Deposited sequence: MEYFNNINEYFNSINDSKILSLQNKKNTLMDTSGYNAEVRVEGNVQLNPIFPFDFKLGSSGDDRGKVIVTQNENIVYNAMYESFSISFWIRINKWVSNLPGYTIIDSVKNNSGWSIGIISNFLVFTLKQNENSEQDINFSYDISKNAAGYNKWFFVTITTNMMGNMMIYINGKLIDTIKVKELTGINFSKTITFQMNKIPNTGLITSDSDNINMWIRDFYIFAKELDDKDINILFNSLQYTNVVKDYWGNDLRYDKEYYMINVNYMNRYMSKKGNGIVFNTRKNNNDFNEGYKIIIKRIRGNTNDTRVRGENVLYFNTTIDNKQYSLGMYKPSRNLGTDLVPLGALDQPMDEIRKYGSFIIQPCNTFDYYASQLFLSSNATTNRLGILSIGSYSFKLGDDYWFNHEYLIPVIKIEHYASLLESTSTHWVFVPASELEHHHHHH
């Protein structure tokens, strides 16, 4: 795969984490100082963490050698990295997160409100910037997911910004005389006059202008595709409590009536703190390392009252439709769970969310009998006696699901109860 090699040749700075230490694996060997409280993840993705807290707070400084800066100080360059910010609310005040400016000239990345802005500066008067705005409708609880930023900048060409491989906003670079690029880049959360976290990982800078096919290769090479992710982009894990949500129904939480699992309307969308939680339990794995991966056969438990149930098929009070059968909370032994409560997970990640599809399994094997979806149906549950009622329920389509195989009503996400 030379495509990958051709890009790496142009790499002037590669801020990676090896041996539990931040360093420059570019080969040009930059200086990396780690001041303050900077958590460093031992587990992949070997990310490093920073805060907005006062006093001793995290600071990472990187100093590049004069020779290699001077050459690339006026031509073409790109910046690419993974970022995550927790409680990135829409009313958030302005912050500078990554900054590379010495004497009123350079480049600077910052976040304010629903915007992540990238400024280019020459002097104290004039400055040209590009930004990415997050869709507040889709992210009422805050844009708290991991996302991969890529900024290409050609000095007499174009200055574009990418998120997750998708081009977002693009503007024309202005005449910038007297623009001196600093030899220092500082990762630190500094407020702007008039408690959040930030995770960074794989901060690369290139000496050329990367194209669409290059960016998207980079994006895809820099993730484990077969590791299913939670809502925020972290490795989805077994034996961990999550809130199970359908992509088409982000304003519903999970509840129970009789044997039936029923979805209900969230009171608010500040937090995800509502309804019953589930735990994912493993059955069959190509690997056995706590992480949930594609083609793993699995099942779901959940503690409702002081009992613990497992999600599994049941016979509804009347027929809901052809080949259609509801999923519910059942107190069933492992033999029943293998017949009627096992699923095969497949990751499905888009620009909007990190989700997954769930296929009904045949006797806990990877052979597929159906697909887990969601719908509103009229039947009896619990104390219901006189009339049928409409319930929004999880439902498995059996045998013929090629239609639903592409529907976003089959995309499920998992939000931790942290």
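Counting from residue 1 of the deposited sequence, the stretches lacking C-alpha coordinates in this chain are 1-7, 202-210, 435-443.
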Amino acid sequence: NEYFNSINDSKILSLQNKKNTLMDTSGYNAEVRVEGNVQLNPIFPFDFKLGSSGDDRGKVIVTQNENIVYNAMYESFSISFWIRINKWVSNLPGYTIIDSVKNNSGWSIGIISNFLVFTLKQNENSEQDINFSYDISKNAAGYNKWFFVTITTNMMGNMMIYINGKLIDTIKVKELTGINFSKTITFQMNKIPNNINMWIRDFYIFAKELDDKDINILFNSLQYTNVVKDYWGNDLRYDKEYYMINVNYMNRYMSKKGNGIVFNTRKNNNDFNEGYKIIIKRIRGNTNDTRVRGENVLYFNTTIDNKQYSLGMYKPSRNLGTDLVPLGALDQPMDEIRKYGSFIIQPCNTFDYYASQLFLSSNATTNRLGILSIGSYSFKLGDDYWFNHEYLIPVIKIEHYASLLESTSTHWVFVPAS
From here on, numbers count along this sequence of modelled residues.
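Taking only CA atoms, the mean B-factor in the PDB entry is higher for 152-160 than for the other of 296-304 and 152-160.
Judged by mean Cα B factor in the deposited record, 122-130 ranks above the other of 122-130 and 315-323. Looking only at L222, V89, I345, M73, the residue with the top Cα B factor in the deposited structure is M73. Reading the B-factor column for the CA atoms of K256, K102, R266, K281 in the entry, the top value corresponds to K102. Ranked against the other modelled residues of its chain, the C-alpha B-factor of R33 as given in the entry falls in the highest third. For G110, the recorded CA B-factor ranks within the middle third of the chain. Only modelled residues enter the ranking. Sort the modelled residues of the chain by CA B factor and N349 lands in the middle third. Annotation for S361: C-alpha temperature factor in the lowest third relative to the rest of the modelled chain, per the entry. Per the deposited record, the Cα B-factor of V413 falls in the lowest third when ranked against the other modelled residues of its chain.
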